[PDB]
2 protein chains.
Amino acid sequence: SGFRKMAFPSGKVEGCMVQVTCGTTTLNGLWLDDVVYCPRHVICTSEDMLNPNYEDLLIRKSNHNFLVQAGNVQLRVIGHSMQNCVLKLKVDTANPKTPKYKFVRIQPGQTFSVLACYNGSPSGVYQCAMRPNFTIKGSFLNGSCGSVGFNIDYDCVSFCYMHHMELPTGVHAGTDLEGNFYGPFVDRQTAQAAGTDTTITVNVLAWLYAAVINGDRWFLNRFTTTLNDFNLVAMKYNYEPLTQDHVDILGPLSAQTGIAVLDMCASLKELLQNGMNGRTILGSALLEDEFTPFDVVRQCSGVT
Amino acid sequence: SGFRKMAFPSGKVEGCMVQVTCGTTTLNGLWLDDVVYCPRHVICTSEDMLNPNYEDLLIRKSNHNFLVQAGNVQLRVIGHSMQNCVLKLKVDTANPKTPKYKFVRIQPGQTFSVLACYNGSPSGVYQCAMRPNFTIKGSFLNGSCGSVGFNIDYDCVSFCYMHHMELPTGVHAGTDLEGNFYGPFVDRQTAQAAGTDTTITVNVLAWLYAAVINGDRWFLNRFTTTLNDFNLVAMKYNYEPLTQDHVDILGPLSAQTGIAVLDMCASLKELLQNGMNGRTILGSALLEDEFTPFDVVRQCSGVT
Ligand SMILES: O=C(c1cc(=O)[nH]c2ccccc12)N1CCN(c2ccccc2)CC1
Ligand SMILES: O=C(c1cc(=O)[nH]c2ccccc12)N1CCN(c2ccccc2)CC1
């Protein structure tokens, strides 16, 4: 019992964090095999950050201008290439601590752990959701760039995110491990509009299921609804519309609790229309949307 | 920018998690050097859990009856002793992954990370506070016993907690690494009263300071208060009384923001008396008390 915002154990990922220095700028890198991945803005100066020509900038750079250090051992860089918004620095040594790994592009509404790093060292790990507008509500300071997001399936690490920037609005933007940004973001120190953000309805419902499993049942009511009626309420409250796929992904939680998904939707509809009324669900005075049905099932079943 | 419930990176602690089996019962253990620590209730059966004579129970047990496995290698047990509510099983092999470590007894109001484990494997890591009533609001299922709580100072792991039980009320109780329970709890399947719990006032104030640092300033007001007046309000709202020590621990955050601690107390007094009024502070619709002034400073300065 008990429901916490749980991150994945970060060990396999800590063994991949390195420090990448280029000129005066320093950020973090991911060392997997004989390649170190990092944001390409490591080759920038605080004059060209407004609009940098990364092609012309990387041309001024040689392998020896890229210092890669893992803990205390300096790594020898033998190659450099730009792939979208990331640099891949070939090192003459494979990482002995390289776990089984995949480079995946997650969807909005999906969750992952972030291992926040400064100078190649881990400072902390937290659980995040990729907001529908492709931003993350992280905790990142100067030097945090290159920090990665990931998930762990048994022994496999699925690298899904690499941190590149903080928007002036306080939210975080970054790329997948191929350098393609999530959202309309580009790597320039320019004001960038993060789209309108909605609430991940399927996650809010999964977290309602986690609350029923863990004893909080005040929100459960004598009503049911339809997908179309519930979506009228969801649209007014800036909530993502619920599809039949979402109802199918909620199947296991509905079976485990005996509460049909549309009955749960009706409880959420009254939580949206009437509020929490000063009450709490799983220690929270608001509707939590950063736990997918997979997270709720894994945490309420102890998958290692 | 951004403020998250951040746990410590769990790597050094994952390298210490083992599986301890004794009869039919299996739980987790902490392998540091040539000793594996685990809750003593591993020698119990579901008949004697009501009131077990652990001395008579451990007498029926031999070294070979204690199976210790780390990943896939079976460890050879050469000694067994009971220290309060934990067993120390001497193994003929030291843990190669033993980090620099201390066994510390934390105070209520202090925070730590929990690496939740099942069968010696890590499933997730989360940030906790030791409630003033010595319980923790964790997330633990069957097999989670032996999961440890810790903090990390550079490379040193301070083991502060070991999980033993869940109270019927949903909260978690356990011991320090010496087997002494935090609180009035004993290791029996009996209904145990967790004392009345209060809110950690000094942490709520530190989290108000974290909110000012990260841009949320709606709660700041044109008032100041006295320690004695603020404590009248704190007592009514089941909040821990604020001492001069708490005002001194809040010194650094007060200096970093230019808001005197008693001015911050006055804002908290109006948050307690008038509520949040449907607003949020750091994405939360309630007053967060699981971040100490040390956590807020470390997260708002990036200490690795
Ligand atoms: O170090 C940071 C950074 C990241 C963060 O998430 N939060 C911060 C908060 C305060 C101060 C800095 C940060 N950079 C690095 C320069 N930067 C940048 C430069 C060129 C092209 C694209 C981005 C913006 C992001
Ligand atoms: O495995 C658990 C357990 C721990 C937990 O935190 N949450 C649970 C939720 C559901 C089912 C079990 C648990 N035990 C192990 C037996 N147990 C026990 C037995 C003898 C003496 C002291 C304690 C109580 C705690």
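The sequence lines fix the lettering, A, B, ..., with proteins before strands; numbering per chain opens at 1. Ligands are counted one by one from 1 in listed order, and the atoms in each one are counted from 1 as well.
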Heavy-atom donor-acceptor pair, A:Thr25 side chain to A:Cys44 backbone, under 3.5 Å: yes
Salt bridge (charged side-chain N to carboxylate O under 4.0 Å, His left out) against A:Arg105, all qualifying residues, sequence neighbours excluded: A:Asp176
Check: B:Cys117 main-chain N/O paired with B:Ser147 side-chain donor or acceptor under 3.5 Å: yes
For B:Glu166, all residues meeting side chain to side chain contact (heavy atoms under 4.5 Å, CB included), sequence neighbours excluded: A:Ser1, B:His172
Check: B:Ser121/B:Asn119 side-chain N/O donor and acceptor closer than 3.5 Å: no
Listed partners of B:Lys5 passing salt bridge (charged side-chain N to carboxylate O under 4.0 Å, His left out), at least two apart: B:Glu290
Please tabulate, one line per pair, the protein N or O atoms found under 3.5 Å from any N or O atom of ligand 1, giving the distance to one decimal.
{"unit_1": "ligand 1", "atom_1": "1 (O)", "unit_2": "A:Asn142", "atom_2": "ND2", "d": "3.0"}
{"unit_1": "ligand 1", "atom_1": "1 (O)", "unit_2": "A:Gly143", "atom_2": "N", "d": "3.4"}
{"unit_1": "ligand 1", "atom_1": "6 (O)", "unit_2": "A:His163", "atom_2": "NE2", "d": "2.6"}
{"unit_1": "ligand 1", "atom_1": "7 (N)", "unit_2": "A:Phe140", "atom_2": "O", "d": "3.0"}
{"unit_1": "ligand 1", "atom_1": "7 (N)", "unit_2": "A:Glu166", "atom_2": "OE1", "d": "2.9"}

